[PDB]
Structures are given as C-alpha cells and as structure tokens.
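Novice: Pasting an experimental structure with its sequence.
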Amino acid sequence: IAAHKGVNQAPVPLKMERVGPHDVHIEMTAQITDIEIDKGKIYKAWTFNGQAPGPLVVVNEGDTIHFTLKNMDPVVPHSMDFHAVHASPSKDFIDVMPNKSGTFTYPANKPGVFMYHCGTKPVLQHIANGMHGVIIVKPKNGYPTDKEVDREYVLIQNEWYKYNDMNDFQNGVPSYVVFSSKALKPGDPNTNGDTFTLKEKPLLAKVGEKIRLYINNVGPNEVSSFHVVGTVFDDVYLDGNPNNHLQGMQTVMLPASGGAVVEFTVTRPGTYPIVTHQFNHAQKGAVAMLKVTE
Amino acid sequence: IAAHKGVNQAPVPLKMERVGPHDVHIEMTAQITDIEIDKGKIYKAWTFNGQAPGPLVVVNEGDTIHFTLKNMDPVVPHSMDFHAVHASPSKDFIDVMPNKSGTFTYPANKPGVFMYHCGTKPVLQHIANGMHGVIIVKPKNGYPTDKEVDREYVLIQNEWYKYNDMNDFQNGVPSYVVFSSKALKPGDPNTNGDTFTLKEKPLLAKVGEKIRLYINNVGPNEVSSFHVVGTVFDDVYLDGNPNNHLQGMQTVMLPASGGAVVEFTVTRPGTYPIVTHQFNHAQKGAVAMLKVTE
Amino acid sequence: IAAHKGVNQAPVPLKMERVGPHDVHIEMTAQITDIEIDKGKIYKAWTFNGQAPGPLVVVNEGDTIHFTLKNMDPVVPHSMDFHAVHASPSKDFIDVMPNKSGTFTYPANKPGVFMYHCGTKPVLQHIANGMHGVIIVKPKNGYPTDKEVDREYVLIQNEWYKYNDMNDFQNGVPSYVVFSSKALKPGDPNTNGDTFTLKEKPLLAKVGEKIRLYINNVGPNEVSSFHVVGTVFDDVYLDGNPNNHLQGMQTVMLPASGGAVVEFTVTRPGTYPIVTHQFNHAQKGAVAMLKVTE
Ligand SMILES: [Cu+2]
Ligand SMILES: [Cu+2]
Ligand SMILES: [Cu+2]
Ligand SMILES: [Cu+2]
Ligand SMILES: [Cu+2]
Ligand SMILES: [Cu+2]
Ligand SMILES: [Cu+2]
Ligand SMILES: [Cu+2]
Ligand SMILES: [Cu+2]
Ligand SMILES: [Cu+2]
Ligand SMILES: [Cu+2]
Ligand SMILES: [Cu+2]
Ligand SMILES: [Cu+2]
Ligand SMILES: [Cu+2]
Ligand SMILES: [Cu+2]
Ligand SMILES: [Cu+2]
Ligand SMILES: [Cu+2]
Ligand SMILES: [Cu+2]
C-alpha cells in the first residue's frame, strides 16, 4: 500500500475509564506500526494502538462498553468486533474511515476470555496483518478455584504470514507462530507477538505456586494444542466460563478464537516451557518460558 | 470417469415414512449431479439424491432405520454409513452396485447431530466428491433448554477440492469451504454447499429470539471453529447429546464429522455473519448470514 | 547423520519394577532402529527401546517414577519428558549424552492417558523421527464405568514425514498418518506406527462386548478426529481423567498430545474400522480394524 510506505505510527496507550457501576469507556486507535516479529524481521503491522496483538481490555460481567475507535490509518477503513458482546454486526461493528472516529455501545454479559479483532472486509486480511487481541470479562462470582491461585498472567497465540499477501493468508502455512503476554497488574510484562521475547525474558513465578493463565488463540487460521511442560492443568475453564470445568488435562484444544482459563502448580525450581504441542508451530516460534525460583 | 461425461441426474426427493412406533423407512439414491459450488464453478458431484451435502434425515431416539440405497451411478459402487447407528460395517455399510438397490437395517439409539456419508473405498474420494450429510436423532426427553428456543435451523460445513483429484484430496488445501442449510420445517431453506447462497439469501430471525442451530462439520479433512458474530452461545450440547452441556462459549471446536446443538440470542436488528473462525476457510466461502428484523 | 549410516539397533525390552507401594523403577533406551512404516518403506527411526511409538508404560496414580534413560545413539543426545509428571524441565528433562545414562525422579499424581517424548532441542525433530509414546496413570478409584467394560486396548496415532527433513517437519503435509497398539495384558498385540499392521491383523473382540480404548494422539503436528465406524462412544473421559466425562459422542477431538479413554459397544459380528475422520490422514494410513466374532 503506497500510503503505508515509510509509515510507523508510535504506539498510543489504551484509554479506559469507568463511568458508572456497570458502564465503561474504552478508546483505541487503528494504526500502522513496525513490529519485530522474529530477530531481524520487521512486519509493518495493522494494529490497535501500535501493539499486535492489541492491548488487553478487562471489564466486569454486566458492563456496557462505550467503545470509540480512532482510525489513524491514512487509507484503509477499520472496525472492531469484540467476541464478549451482544451487538448488531451490521450496525455496531461497522467501519470507521481514515482520520475519523466512531463510537459504539454494547453489553458484555458473559464471563470469559474473548477474542477481539477488526471486522473490515476481507476480515482475514485485517486479522492476519495484526488486528487482533483479547478482552477478559471477570465473572460476577469468580471461579471456584480463585482462592487457590497465587499468580496470574495473560498469554495470546497468533500467526504471522508473508506481508499483506492474501494468497499466503488463505493457502499458505504460517511463517511464524508466536505467544505474547499482556499485563494484568503493574509490573507484569506487556509484549507483542514475536518468536523470542518470552524466551529471553521469561514470565516469573515462585516454587510451589499455583499459576492461572488467561489464554486465547486468535489465529487467524490455526488451532492450538496448549501445554505447559513439567505440569498438568489442575483446572481448566473453557472460554473462561466457570461452568465449563475440566480437571487434570495435559493439553487444552483451542479453536481459532478460542480461549480458556487454566491453572497449574509449579513444584520445583527451573524453567518451564509453554508451547503449542503442534510442534511445527512451536518450532516456528510458539514457545514461551516460565522461570520458577525459590 | 468417461461414464460420467455429460451426466447430470436431476435431484430426486428423499423418501421417508414411519412404519411403526419405533421403525422408519428411508429411501435415498446415489447419483451424479452438477452443483454450482462458487459463482461460475460447476462441480459434477457424487451425491445422495442430487444434493451435496445430502438431504436431511430426522428420526427419534430409539428408531430402527430400514434404509434403502438405489445406486444410479452408471459405473461406481456406493454405500451408506450413518454415524447415528450401531451396525456391522462389513455387513451393513456395504456397496450397492450400479443400477442396483440394497436395504440395510439398524437402530439409532443415541440422540444427537450425526454425520452420514458413503463408505466405499477410498472413502476420502467418496466424501470429497460430495457424498456426505447429516442425520439428527431427537432425544426422547428433549434438551433442558427446549422451552427457551424460538427458532431453529440446520447448518452443515464441508470443503471442495480440485475435481476428483485424489492427490489434492490427500495433500492439498481446500479450494472452497462452505455452509449449507437443510430444512426442518416447511418454508425453511434447503441449499447445497456453496460460497454464496446463504450470503445472498440469509437465514431469517426476529429481534430478541433465541436461535438453535444444529450443526455438523462433515469435512472431509478440516476441523471447524464455529462462531456467530455479535453473540455468545448461551448453551452448547456437544454432538447434540443433552448431557454434554457447555455454557457461554464464543466458538465451538468441531472435529471432522463433529456435531453440536448451539443456542444464542440475537438482541438487535441487523445481519449476523456465521463463520468458521479459521479465517482462511471463511475467506474461501465459509460465511453464512442471519438477517434479524423487527 | 553419518554416524547413523548402517545402524540398526535391535529392540531392547522395557524394564520396569515396583520398588515400593508408591514407587516404580523404569529403564528405557534411546536407540536408532529401522521400522517399516508402509509397505516397502523403511524409516531409520529415533526411538525409545527400538519401537515407535515407544513401549507402553502403566503406573498407578500416586506413583513416583525413578526413570533411567540409557542413550545408545552414537552421536545425538536424547531426553525424556513424561506429560504425566510434575517436574522441573530444566533439571529433570535434561539431555543424556551418547553412551551415557541419566536417572530422574518425579511423581505421577494425575490419572489419565499421557504422551511422553524426547525433549531435546529441536523437539520437533526428535518427536518427528519417532521419539514419542504413551504412559497411562490408573486412577485410584477407577472410572465409573469400569464394571461395564469387557475388553480393552491401547491405540496411538502419529505421523511420519520425509526422513529427518526439518523443512518438511515444519512446512509439509505428513507422508503417512498411522495407528499402533501397545499391549496391556499378555497376548495383546504390540505394534509400531505403520500403515498396515492393524488392517492385516485386526484387534479382536466378541459380539456384544463393551470395548475401552486408551487413546493418544502424539502428533507431532496434527489434531485427530477419532472415530470407530459402526458405533457411538457411550462414554468418553478427556485425557483419561474420570471427571471429564462426555456421553454419546460420535467423534472425539484430540489435540496434538491429547488423550482420552473411550468406551463403545460392538453389537454385531463384522470388521469395524477405526479412523481419524480427517480423511486425508485416514487415506495416508490412519485406519485400524477391530474384528468382532461370535
Ligand atoms: Cu449494580
Ligand atoms: Cu458513555
Ligand atoms: Cu482493520
Ligand atoms: Cu471474530
Ligand atoms: Cu497451517
Ligand atoms: Cu499456593
Ligand atoms: Cu414405544
Ligand atoms: Cu421395514
Ligand atoms: Cu460413494
Ligand atoms: Cu464416518
Ligand atoms: Cu487445509
Ligand atoms: Cu425468546
Ligand atoms: Cu500407600
Ligand atoms: Cu529408585
Ligand atoms: Cu531425542
Ligand atoms: Cu510434550
Ligand atoms: Cu497437515
Ligand atoms: Cu458386556
């Protein structure tokens, strides 16, 4: 795209504020940002807020979201689809033209770990070029294992293909498959989907802790066989709904767009890889590390 | 196949009749029929009854099926495998030669949404060329959410490859991935697996309704990440068994041959896409629409 | 690998012995062994004990495993990762150099049907060349359907690619996809992952029996749509955990590394194919047979 040549828009922080007991304002941008997806490889991503996956959004079950999208792309229209919400797609997930803004409103009345993404046609193009992320909706009455959890992180899986290559997006294998982590609390890491960051700067935990991961596989195209080496998931909630409650799973199957809450215990000091167990994807990037110390 | 050149056998209606409180007769054909799978693209499909996927079959839990297959193919043998039934494959799913008929009998004692398909070797060839469909077995005591449902439809996912190309069927990506809908009640649409019909003639619903979809992914080869844009599934029954009961799922993972009953609420007027969220498949056809009016 | 040319190390039996009420010794080898994976096709596999998948391991829930690996490979390091155990990967799943041994100790405190595999980098290479298998951990209080089961077998799914070809392992479709069976009791078959053995020498059962299969899909890369032709699974326990309890499933979705216990009834005499319903995989080998007699 000739209007993207040389464009590298600095990342902009997510803006969010609660405006009532059950109402929240969220304010994101669509923007064109260079991301290093593998060592030496820059992808001029289409993003929300200059991150891909986009910034983490967390709301409470029952919250109405009043969402604004500011489109900084000079030429391409963008939009937002949150999987958390009940909405009319053809009224509420519509395009925002270059250099304009749009505001849309809709309720999040289901707890869980939901994908969000651009919904502009062709959707595959928009998601593959980087316009994906996660919204977590916290359950009103929690999960039944809340009191057992010591520490929590967010992980997102995505793929990268040949740059803006529709034929590759539809017909090709991924070039890279990657994890990212998005921050829940001050001090947590906040990364982009790349092959290396969570290997070189592992997530951190303490011996004996029960870890919860909020996870989503945003695709665009692949399913994920999510596994943590050296442990067994004690509890799994499919899509993060507390009712969907599995126990003792070695590996969690995630459809494209699928989420889960998983919880496991790290019993001994050491570094614990986190993988998709489709090992062609692992090999192409999708390995994160959790370093567990005394 | 030289004996298929120029062959285009008109579709024949499914014949079905109840012959006892727990016994039903079903009568299908195997036939060679030209189907438009994408605009301008004809596939000379191998079919049941001149539809691909084949016609919908609905029986009650406990019904014995007395199934007859009339093979109208001039040269290729065909057969029937219903996933609903308990049967001896090597006695009851056997071939019916060109211009002959065979009758087989077997019980459907498990509720759910089951694939059926030809079982002639090589099975991949027979399923890929179009010999697939769905049988629904209705549970004796229903589903626990029956009283909440306003409206229901059947959707089937399948793939199409290069015409009768075994190498492509085994080694290639799909050319097209498509939905079809099969009628449950008078007036419902009844379509074939193509890229466009359920975009141009959407399924219809009313604002506020709870929708149930009977869904099956017949493959042959891919798994499906089934999602309805702008809603969350309130309830999911895996394989349509009322015991397998998930809640609040954004996306349902379907193995090849896998089914589900899913239920969701459409809260606002508009058009709601229905997709597999493996967006390379979506892009290659697998998008249906649900138009929701006042 | 020049040091593997001409190498074909005879298979060595698994050594296992109980050394306390909750402690077991296991002793395996890593070795280079020619396996016939399809008729006329030899793969010089990297294996545990000269079988691929490796030998079956069965322990009780609560057992500590004291595992020894003897590396007979003349040049490549190997390791062991059991999905059953809680362990520090970077202390307990470490490499054993050529012509050396290592002993590692760790608890299996979760019931189920777990993958094991080499964990040497690049893991994809080690798993693809044959270093995979299953450990079953038997639940302390069984499964609730134990008393209904007549007969049981173990089945494992894996893929084979172009020989030791990293590009193919990461980017290519499988050449073959295969089942194997591993013995639980004297007289049961014990086979390697190949296209033909369980077609030519089917598993055996009697009319009317309820069959349990312990199943795992070891990948490396594909997911599995597991189905038995001519029946419906009465009960399914995901990952073999008795809590994860589905009913009436036609087809069970298995992630890569994913397991299950499945149970079904064979009602009539005949031969019952067992497949992955991703029929491109079936066609490339992944069909086993169960011959059911009076
Ligand atoms: Cu309130
Ligand atoms: Cu507002
Ligand atoms: Cu966009
Ligand atoms: Cu979506
Ligand atoms: Cu792929
Ligand atoms: Cu703790
Ligand atoms: Cu009766
Ligand atoms: Cu009859
Ligand atoms: Cu046929
Ligand atoms: Cu089948
Ligand atoms: Cu494909
Ligand atoms: Cu209603
Ligand atoms: Cu004891
Ligand atoms: Cu010992
Ligand atoms: Cu190894
Ligand atoms: Cu593993
Ligand atoms: Cu493949
Ligand atoms: Cu019995």
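Specialist: Received it, and whenever you're ready, just let me know what you need. Residues are numbered from 1 along each chain as shown, chains lettered A, B, ... in the order given. Ligands and ions are numbered 1, 2, ... in the order given.
Novice: From ligand 3, how far off is the closest residue to ligand 9 within the stretch 151-294 of chain A?
Specialist: Nearest residue of the stretch 151-294 of chain A to ligand 9 (C-beta to the ion) works out as residue A:171 at 28.1 Å. C-beta here means a position set from N, CA and C on the backbone, and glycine is covered the same way. With distances taken as C-beta to the ion, to the nearest Å, residue A:171 is found 21 Å from ligand 3.
Novice: Repeat that for residue A:40.
Specialist: From residue A:40 to ligand 3 the distance is 26 Å (C-beta to the ion).
Novice: Who are the contact partners of that residue?
Specialist: Contacts for residue A:40 (C-beta atoms under 8 Å, 6 or more residues apart in numbering or on different chains) come out as none.
Novice: and if you look at residue A:12?
Specialist: A:29, A:31, A:49-50.
Novice: neighbours of the residue nearest to the residue of the stretch 151-294 of chain A closest to ligand 9 when sequence neighbours are not counted, just the number please.
Specialist: With C-beta to C-beta, 6 or more residues apart in numbering or on different chains as the criterion, residue A:171 has its nearest non-adjacent residue at 5.4 Å, and that residue is residue B:173. Using other C-beta atoms under 10 Å in any protein chain shown, the number of residues around residue B:173 comes to 18.
Novice: Tell me which residue of chain A lies closest to ligand 18.
Specialist: Closest point on chain A to ligand 18, by C-beta to the ion, is residue A:248, at 27.4 Å.
Novice: what helix or strand is that residue on?
Specialist: Per DSSP states H and E, residue A:248 falls inside strand A:245-249.
Novice: Now do that strand: everything it contacts.
Specialist: A:144, A:232-238, A:252, A:262, C:110-112, C:238-239, C:241, C:243-244.
Novice: Would you list the buried entries among those?
Specialist: A:232-238, A:252, A:262, C:110-112, C:238-239, C:241, C:244 (16 or more other C-beta atoms under 10 Å in any protein chain shown).
Novice: Enumerate the residues of chain A near ligand 6.
Specialist: Counting by C-beta under 5 Å from the ion, chain A comes close to ligand 6 at A:150, A:210.
Novice: May I ask you to name the longest strand in chain A?
Specialist: Determined from DSSP state E, the single longest strand within chain A is strand A:23-38.
Novice: still on that earlier bit, which members of the contacts of strand A:245-249 occur in strands, if any?
Specialist: Using DSSP E, the contacts of strand A:245-249 in strands are A:233-238, A:252, A:262, C:112, C:238.
Novice: Most widely separated two among those?
Specialist: Distance extremes for these: the farthest pair is A:237 and C:112 at 18.5 Å, using C-beta to C-beta.
Novice: From the structure, what's the count of residues near residue A:245?
Specialist: Count around residue A:245 with other C-beta under 10 Å applied: 17.
Novice: Check the stretch 151-294 of chain A for the residue nearest ligand 15 and tell me.
Specialist: residue A:279 (12.7 Å).
Novice: which residues sit in contact with the closest residue to residue A:293 other than its chain neighbours?
Specialist: Using C-beta to C-beta, 6+ apart and skipping the chain neighbours, the partner closest in space to residue A:293 is residue A:269 (5.8 Å). Contact analysis of residue A:269 by C-beta under 8 Å, 6+ apart lists A:207, A:292-294, C:88, C:91.
Novice: May I have the phi/psi pair for residue A:197?
Specialist: phi -60, psi -40 (degrees, to the nearest 10).
Novice: Chain C versus that one, what's the distance?
Specialist: Between residue A:197 and chain C the distance, using C-beta to the nearest C-beta, to the nearest Å, works out to 18 Å.
Novice: same check, this time on residue A:228
Specialist: 9 Å.
Novice: Ok, residue A:267 next?
Specialist: Counting by C-beta to the nearest C-beta, the gap from residue A:267 to chain C is 5 Å.
Novice: That residue contacts residue A:206, correct?
Specialist: No. Using C-beta atoms under 8 Å, residue A:267 is not in contact with residue A:206, being 11.3 Å away.
Novice: could you check whether the strand or helix carrying residue A:177 is close to chain C?
Specialist: Using DSSP H and E, residue A:177 falls within strand A:176-182. No. Under the criterion of C-beta under 8 Å from any C-beta of the partner chain, chain C is not reached by strand A:176-182; the shortest gap measures 10.2 Å.
Novice: which residues are in contact with that strand?
Specialist: With C-beta under 8 Å, 6+ apart, strand A:176-182 has contacts from A:37-38, A:41, A:53, A:55-56, A:133-134, A:153-160, A:188-195, A:197-198, A:203, A:222, A:274, A:276, A:281-282, A:284-288.
Novice: redo that, cut-off 7 Å
Specialist: Strand A:176-182 is touched from outside by A:37-38, A:53, A:55-56, A:134, A:153-160, A:189-195, A:198, A:203, A:222, A:276, A:281, A:284-286, A:288, with contacts defined as C-beta atoms under 7 Å, 6 or more residues apart in numbering or on different chains.
Novice: For the residue in the stretch 1-150 of chain A that ligand 6 sits nearest to, give me its contacts.
Specialist: As assessed by C-beta to the ion, ligand 6 sits closest to residue A:150 within the stretch 1-150 of chain A, at 4.4 Å. Contacts for residue A:150 (C-beta under 7 Å, 6+ apart) come out as A:209-211.
Novice: rewinding a little: for the contacts of residue A:12, which single residue is the most surrounded?
Specialist: Per-residue neighbour counts (other C-beta under 10 Å) across the contacts of residue A:12 peak at residue A:29, which has 25 neighbours.
Novice: Please consider this matter closed, and thank you.
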